[PDB]
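S.K.: Following this message is one structure expressed as structure tokens.
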Amino acid sequence: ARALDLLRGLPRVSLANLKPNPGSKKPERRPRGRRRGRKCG
Amino acid sequence: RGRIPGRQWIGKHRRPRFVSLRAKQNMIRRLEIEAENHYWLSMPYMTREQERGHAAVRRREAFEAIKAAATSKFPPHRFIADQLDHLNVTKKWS
Amino acid sequence: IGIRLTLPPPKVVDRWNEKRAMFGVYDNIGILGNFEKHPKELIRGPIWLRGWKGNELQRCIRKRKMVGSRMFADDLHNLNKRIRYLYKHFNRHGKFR
Amino acid sequence: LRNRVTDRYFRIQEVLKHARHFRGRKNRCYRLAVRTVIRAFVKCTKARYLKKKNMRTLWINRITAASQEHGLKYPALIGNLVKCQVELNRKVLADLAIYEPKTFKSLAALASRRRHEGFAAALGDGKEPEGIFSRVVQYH
Amino acid sequence: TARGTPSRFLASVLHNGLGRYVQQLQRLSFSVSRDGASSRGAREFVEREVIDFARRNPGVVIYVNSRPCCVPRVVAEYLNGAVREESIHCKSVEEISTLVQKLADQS
Amino acid sequence: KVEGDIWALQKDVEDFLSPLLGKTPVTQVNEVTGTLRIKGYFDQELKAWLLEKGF
Amino acid sequence: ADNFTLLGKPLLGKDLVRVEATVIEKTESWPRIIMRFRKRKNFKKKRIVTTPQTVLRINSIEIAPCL
Amino acid sequence: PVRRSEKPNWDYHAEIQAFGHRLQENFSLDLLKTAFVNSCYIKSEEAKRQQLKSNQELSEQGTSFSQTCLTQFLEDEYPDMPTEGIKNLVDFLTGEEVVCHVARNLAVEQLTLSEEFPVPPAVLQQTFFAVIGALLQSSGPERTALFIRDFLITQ
Amino acid sequence: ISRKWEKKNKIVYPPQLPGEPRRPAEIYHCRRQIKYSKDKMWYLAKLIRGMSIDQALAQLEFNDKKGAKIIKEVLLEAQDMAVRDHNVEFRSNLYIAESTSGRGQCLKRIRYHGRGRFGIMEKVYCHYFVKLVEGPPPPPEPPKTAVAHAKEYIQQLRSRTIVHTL
RNA sequence: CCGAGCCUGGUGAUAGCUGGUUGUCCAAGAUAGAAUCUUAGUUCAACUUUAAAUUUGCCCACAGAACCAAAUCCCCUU
Ligand SMILES: [Mg+2]
Ligand SMILES: [Mg+2]
Ligand SMILES: [Mg+2]
Ligand SMILES: [Mg+2]
Ligand SMILES: [Mg+2]
Ligand SMILES: [Mg+2]
Ligand SMILES: [Mg+2]
């Protein structure tokens with residue numbers, strides 16, 4: 001497919017260029033900093 | 001020697017203030033502006049019966065546009081181009 | 001002054017050890033071996049932590065139930081105290097009820 | 001004791017380099033320094049407004065000085081220049097008062113003449129000719 | 001802060017632009033790495049944009065050194081003995097072009 | 001489970017569902033997972049439509 | 001100039017005077033600090049800006065006989 | 001302090017070409033190189049060999065032309081100034097301080113082949129006027145007079 | 001701890017060209033771990049700062065402080081090493097360039113107070129540093145004259161500029 | 001430091017109470033009430049926040065709201 005042709009063009013897939021699907025990993029909220037510290041919600 | 005009991009500008013005993021000439025003039029200026037406002041609102045163009053429905057089409061259409069946006073809210077598309085573009089982070093010369 | 005005045009000794013890592021070169025091997029033994037084995041039994045570790053995740057309270061309860069008999073006396077007492085404390089904390093304290 | 005902070009020094013120095021020119025223990029003690037570097041920056045932010053205001057006041061004072069040197073008063077000078085339709089701002093008015101005294105005397109003469117023309121029109125109260133320098137150039 | 005920093009007066013290098021304008025940028029040195037992921041934008045800038053910049057600025061000597069490095073950098077030497085190493089580490093090609101043009105327009 | 005020009009599929013779905021709605025149906029096209037989402041319940045009509053197209 | 005000066009109302013005619021200038025530098029200002037602080041409310045913000053700047057050299061002022 | 005030649009990133013021919021192009025002058029390359037070569041460098045390298053053309057002709061031509069051209073400019077701008085005042089102005093403009101300042105900010109020191117660093121002010125002045133001479137031989141009296149105007153009346 | 005003075009004594013200079021000033025000799029000396037307070041030793045050193053060697057020796061010999069006696073010993077042995085090892089010509093041709101006292105390594109001892117209270121005593125130790133320079137003592141800086149004051153005031157008045165304008 | 005010794009353990013006792021709660025930046029964001037051994041708290045409601053779905057939301061024209069003052073409710077236009 002066109003996607004596989006793009007793969008042939010693109011650099012090699014290794015363990016160094018792997019990314020999660022965007023939206024799957026909601027960031028952790030931890031109580032540090034001005035906004036989330038102090039009374040920590 | 002002369003002290004106002006408690007706080008100056010609150011309570012039963014307050015420090016008296018007096019009206020200055022420029023304050024009086026400021027109020028008079030604003031009074032003139034709003035008297036002119038009275039006049040220009042005192043001459044109306046149409047009457048209520050003559051204006052009863054002259055904007056219904058435009059108002060309705062504007063609300064329909066609002067509804068169309070609020071209903072067209074939806075998630076965006078996703079692309080092979082972006083997902084495979086992330087592979088360039090190891091694009092080396094040689 | 002909490003900072004080293006000299007560079008630390010170089011940390012050379014051999015990316016091609018036996019262990020690194022064969023990491024991940026046989027992790028598909030179930031779906032490539034007629035489901036005779038499982039990665040859960042490929043796991044090696046404490047007998048009470050093979051193929052089971054749990055939180056801290058669950059881990060403590062599981063360890064006490066499985067290896068509590070053949071456990072040192074002071075460690076068992078500490079585990080009992082830990083379980084009691086965790087029970088109180090998880091069941092009576094927090095922000096969401 | 002895994003995951004300790006190792007660049008606390010560089011953070012302390014980030015604050016201290018701005019604390020360096022102060023007087024007392026607040027030039028080297030991080031707690032005392034940071035409670036004053038914050039107060040310094042907050043003034044560096046309000047001092048912008050204050051600088052603008054003070055510069056305008058300085059211009060007004062210098063313009064008043066020169067105007068009184070020519071026997072005129074500052075309100076008269078400013079108002080009559082506006083009426084004459086010269087839109088030089090107070091900065092360049094002060095610059096001319098200091099560096100271009102003859103040009104400033106010319107400006108003061110023009111403003112005085114406009115004031116006299118205004119007095120003449122007010123006293124006449126009729127439909128006399130408007131006045132040579134009281135004429136308004138119109139734009140469309 | 002002003003009180004805690006130096007200050008100077010508005011000036012030119014050698015009454016620049018009285019008779020003619022002389023570009024004050026003299027040398028640009030580009031330290032770039034062949035294999036560093038931090039040097040991707042720099043590599044692409046050397047690929048596509050450096051030649052046209054060199055043609056547009058015949059009075060600037062651009063040295064490009066490809067060597068193993070973790071932070072690609074730029075050293076800006078001006079006619080009056082100035083020097084400006086700026087990090088182009090993890091910058092896009094458009095950002096690097098913008099920075100290089102700003103260096104060219106600097107005194 | 002869509003292979004090929006999912007944008008062509010989007011165009012076909014839009015111009016087939018438009019008469020049934022009046023407005024153009026709101027859709028999301030995902031090419032990674034070759035899938036197409038439409039705001040609203042159109043399962044029966046889309047199943048019949050795909051049957052009649054041959055899939 | 002010395003002994004005479006011309007005043008626009010408010011602008012002088014372009015046939016009368018030309019100012020010729022030359023763009024000689026395009027630079028950035030030194031970093032400016034915007035810090036906001038409110039006490040007892042944990043209010044503190046810091047921002048650093050660099051306004052763009054242009055250095056222009058005034059080359060010539062020329063007048064022409066047109067009065 | 002060490003000379004830019006010994007500092008790492010350096011290419012003499014590229015530097016020469018960039019010097020000419022940033023000055024917007026069509027120099028002749030050999031003339032410019034001989035206008036940067038001084039006699040002290042020749043003697044020092046001869047000693048180093050023990051362990052070609054100098055500046056003199058180009059420097060003298062540039063110096064004489066600078067005297068003549070600055071004199072003409074000055075006495076045409078200020079016809080009521082006497083010979084003493086004109087000569088003193090010309091000597092100030094072709095003086096050591098002004099010439100070395102201009103040469104340093106025009107990156108003549110970086111390209112100067114000499115024996116000592118920093119380049120002695122006399123050596124710098126000689127090399128600057130040798131550059132003037134090379135420009136005179138290359139472009140002509142009108143263009144080099146424009147150069148002289150541009151870089152000394154501005155001083 | 002750090003002991004850099006004793007190597008400042010060991011810095012060596014390249015040979016001297018026959019047409020430059022003679023480069024007066026410098027000698028560093030110090031006594032470490034002196035049972036005495038650094039503040040008081042500072043008083044003694046500030047007393048003998050900038051004197052001639054013999055003048056300092058006399059003042060110390062007739063001062064009433066244990067620190068004075070110790071500093072006198074250090075000065076005497078410094079003069080000895082000066083004209084024994086650093087090629088100083090005349091043992092009186094030396095003056096005190098630097099004279100400072102530094103804190104030493106102390107000890108903590110309890111001080112029994114009343115009730116059940118206690119205090120921590122410090123067995124104070126100090127160091128003494130001295131630098132001797134060959135040559136007569138430099139002349140003391142003369143007090144400012146009214147001519148100098150008026151000159152400086154005039155320099156300020158003539159250095160005024162018109163502020164915040166063109 | 002005996003209105004009930006001291007030490008170890010249960011024990012990380014409990015505390016609607018005080019104190020504390022550690023990077024950067026942006027945004028929305030201010031308080032009708034009811035119960036409660038409750039009024040130093042909490043639950044519901046009110047207000048606030050986010051994400052989704054849909055269509056009306058505020059201002060209001062006239063007419064219309066009881067016998068024994070300022071105003072309000074309702075409300076099409078706009
Ligand atoms: Mg805090
Ligand atoms: Mg009071
Ligand atoms: Mg104002
Ligand atoms: Mg507690
Ligand atoms: Mg806000
Ligand atoms: Mg109750
Ligand atoms: Mg309570």
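As shown in the structure tokens, the chain order sets the letters A, B, ...; within each chain, residues go from 1, and ligands are also counted from 1 in the order they appear.
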Starting from chain E, keep only residues with some atom at most 8 Å from an atom of chain G, counting only C-alpha atoms, and report them as an MDAnalysis selection string.
M.R.: chainID E and resid 1 16:18 21 102 105:107
S.K.: For segment 43-54 of chain B, find every residue with an atom within 12 Å (counting only C-alpha atoms (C1' of nucleotides)), except residues of its own chain fewer than 6 positions away, and show them as a VMD selection string.
M.R.: (chain B and resid 36 to 37 60) or (chain J and resid 61 to 62 76 to 78)
S.K.: Any chance you could export the current selection's N, CA, C and O atoms (P, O5', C5', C4', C3', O3' and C1' of nucleotides) as a PDB file, in the first residue's frame?
M.R.:
ATOM      1  N   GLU B  36     -28.866  65.326  26.270  1.00  0.00           N
ATOM      2  CA  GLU B  36     -28.869  65.084  24.830  1.00  0.00           C
ATOM      3  C   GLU B  36     -29.260  63.648  24.500  1.00  0.00           C
ATOM      4  O   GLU B  36     -29.953  63.400  23.499  1.00  0.00           O
ATOM      5  N   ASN B  37     -28.814  62.692  25.314  1.00  0.00           N
ATOM      6  CA  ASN B  37     -29.248  61.313  25.126  1.00  0.00           C
ATOM      7  C   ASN B  37     -30.760  61.190  25.251  1.00  0.00           C
ATOM      8  O   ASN B  37     -31.397  60.487  24.457  1.00  0.00           O
ATOM      9  N   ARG B  60     -33.265  34.225  13.107  1.00  0.00           N
ATOM     10  CA  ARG B  60     -33.418  32.784  13.004  1.00  0.00           C
ATOM     11  C   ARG B  60     -32.197  32.155  12.354  1.00  0.00           C
ATOM     12  O   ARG B  60     -31.663  31.165  12.857  1.00  0.00           O
TER      13      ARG B  60
ATOM     14  P     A J  61     -39.598  45.736  25.358  1.00  0.00           P
ATOM     15  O5'   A J  61     -41.046  45.973  24.755  1.00  0.00           O
ATOM     16  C5'   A J  61     -42.185  46.066  25.621  1.00  0.00           C
ATOM     17  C4'   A J  61     -43.429  46.038  24.785  1.00  0.00           C
ATOM     18  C3'   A J  61     -44.748  46.019  25.537  1.00  0.00           C
ATOM     19  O3'   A J  61     -45.132  47.317  25.959  1.00  0.00           O
ATOM     20  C1'   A J  61     -44.818  44.498  23.722  1.00  0.00           C
ATOM     21  P     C J  62     -45.958  47.500  27.309  1.00  0.00           P
ATOM     22  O5'   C J  62     -47.414  46.982  26.929  1.00  0.00           O
ATOM     23  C5'   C J  62     -48.248  47.734  26.032  1.00  0.00           C
ATOM     24  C4'   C J  62     -49.302  46.850  25.413  1.00  0.00           C
ATOM     25  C3'   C J  62     -50.301  46.244  26.374  1.00  0.00           C
ATOM     26  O3'   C J  62     -51.210  47.255  26.786  1.00  0.00           O
ATOM     27  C1'   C J  62     -49.660  44.628  24.767  1.00  0.00           C
ATOM     28  P     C J  76     -42.056  34.985  24.791  1.00  0.00           P
ATOM     29  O5'   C J  76     -42.203  35.618  23.339  1.00  0.00           O
ATOM     30  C5'   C J  76     -43.316  35.264  22.538  1.00  0.00           C
ATOM     31  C4'   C J  76     -43.695  36.334  21.546  1.00  0.00           C
ATOM     32  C3'   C J  76     -42.592  36.910  20.685  1.00  0.00           C
ATOM     33  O3'   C J  76     -42.177  36.037  19.654  1.00  0.00           O
ATOM     34  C1'   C J  76     -44.033  38.638  21.398  1.00  0.00           C
ATOM     35  P     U J  77     -40.791  36.307  18.894  1.00  0.00           P
ATOM     36  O5'   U J  77     -41.106  37.570  17.985  1.00  0.00           O
ATOM     37  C5'   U J  77     -40.072  38.436  17.556  1.00  0.00           C
ATOM     38  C4'   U J  77     -40.542  39.865  17.513  1.00  0.00           C
ATOM     39  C3'   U J  77     -39.472  40.902  17.244  1.00  0.00           C
ATOM     40  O3'   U J  77     -39.162  41.019  15.870  1.00  0.00           O
ATOM     41  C1'   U J  77     -40.816  41.602  19.055  1.00  0.00           C
ATOM     42  P     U J  78     -37.738  40.527  15.327  1.00  0.00           P
ATOM     43  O5'   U J  78     -36.704  41.494  16.048  1.00  0.00           O
ATOM     44  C5'   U J  78     -36.820  42.902  15.928  1.00  0.00           C
ATOM     45  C4'   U J  78     -36.114  43.607  17.055  1.00  0.00           C
ATOM     46  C3'   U J  78     -34.651  43.252  17.236  1.00  0.00           C
ATOM     47  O3'   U J  78     -33.811  43.966  16.352  1.00  0.00           O
ATOM     48  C1'   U J  78     -35.746  43.208  19.333  1.00  0.00           C
TER      49        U J  78
END
S.K.: What residues have any atom no more than 12 Å from ligand 5 when counting only C-alpha atoms (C1' of nucleotides) and all ligand atoms, and can you list them as a PyMOL selection string?
M.R.: chain J and resi 26-29
S.K.: Write as a PyMOL selection string the residues around ligand 7, taking 10 Å as the cut-off and counting only C-alpha atoms (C1' of nucleotides) and all ligand atoms.
M.R.: chain J and resi 16-17+38-42
S.K.: List all protein, DNA and RNA residues that have at least one atom no more than 9 Å from any atom of ligand 1, counting only C-alpha atoms (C1' of nucleotides) and all ligand atoms, and write them as a ChimeraX atom specification.
M.R.: /A:34,37-38 /G:42 /J:21-22
S.K.: Could the residues in this selection be saved with C-alpha atoms (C1' of nucleotides) as a PDB file, in the first residue's frame?
M.R.:
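Generated file (out_36.pdb):
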ATOM      1  CA  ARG A  34       2.516  26.479  42.065  1.00  0.00           C
ATOM      2  CA  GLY A  37       1.141  22.149  45.143  1.00  0.00           C
ATOM      3  CA  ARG A  38       0.425  24.106  48.312  1.00  0.00           C
TER       4      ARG A  38
ATOM      5  CA  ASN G  42       0.790  32.180  46.276  1.00  0.00           C
TER       6      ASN G  42
ATOM      7  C1'   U J  21       2.575  20.035  52.098  1.00  0.00           C
ATOM      8  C1'   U J  22       8.709  20.710  47.203  1.00  0.00           C
TER       9        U J  22
END
S.K.: What residues in chain A have any atom no more than 9 Å from chain B when counting only C-alpha atoms, and can you write them as an mmCIF file with C-alpha atoms, in the first residue's frame?
M.R.:
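So the final result, stored in out-v5.cif, reads:
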data_model
loop_
_atom_site.group_PDB
_atom_site.id
_atom_site.type_symbol
_atom_site.label_atom_id
_atom_site.label_comp_id
_atom_site.auth_asym_id
_atom_site.auth_seq_id
_atom_site.Cartn_x
_atom_site.Cartn_y
_atom_site.Cartn_z
ATOM 1 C CA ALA A 3 1.692 3.345 3.654
ATOM 2 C CA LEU A 6 6.151 5.395 2.796
ATOM 3 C CA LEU A 7 7.792 2.845 5.095
ATOM 4 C CA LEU A 10 11.319 6.261 5.812
ATOM 5 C CA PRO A 11 14.135 5.332 8.223
ATOM 6 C CA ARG A 12 14.355 1.941 9.884
ATOM 7 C CA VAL A 13 11.964 1.116 12.709
ATOM 8 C CA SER A 14 13.866 0.328 15.891
ATOM 9 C CA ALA A 16 14.602 4.161 19.455
ATOM 10 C CA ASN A 17 11.740 5.620 17.376
ATOM 11 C CA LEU A 18 8.623 4.149 18.985
ATOM 12 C CA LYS A 19 5.737 6.314 20.131
ATOM 13 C CA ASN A 21 -0.772 6.348 20.027
#
